[PDB]
């Protein structure tokens, strides 16, 4: 699977290029933001954080493990009502939030044993590790998202013009 780097969800993007794709819940977790995460999200140190962790499939195989950290206060009732199998991105937009800017870091790493088990991967195999912070129309952070993608099932691409 060859995926242009993009602002939109890659699950939705895979759906677009005419492929099957989906999301499998791993866990919701209630966290409180440490100094680092508080700074990233622009919330108080100790603020509630809602974490959604999912396995991502495409073309009926596992391709990624996505861990999204949300400032809980921005999202009343999300954990109670969100269909974790739907598009998180669309739900947030539905809440009057526009994905205005995204800052992505692209790393490469070996999965830990838990990540490797969730993805059906050999732990020796390198994975893409993407980390994203997205910002809304007022430049308030929406989410911090970590995506671990199987190196053998994903190629990212970029076309650039002078």
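Positions refer to the first chain, counted from 1.
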Would 133 to 141 or 102 to 110 have the larger average of its C-alpha temperature factors, as given in the entry? 133 to 141
I need to verify one thing: averaged over C-alpha atoms only, is the B-factor higher for 35 to 43 or for 115 to 123? 35 to 43
Return the residue from 93, 54, 69, 62 that has the highest Cα B-factor in the entry. 93
Ranked by Cα temperature factor within the chain, is residue 150 in the lowest third, the middle third or the highest third? lowest
Using only modelled residues of the chain, where does the Cα B factor of residue 49 rank: lowest third, middle third or highest third? middle
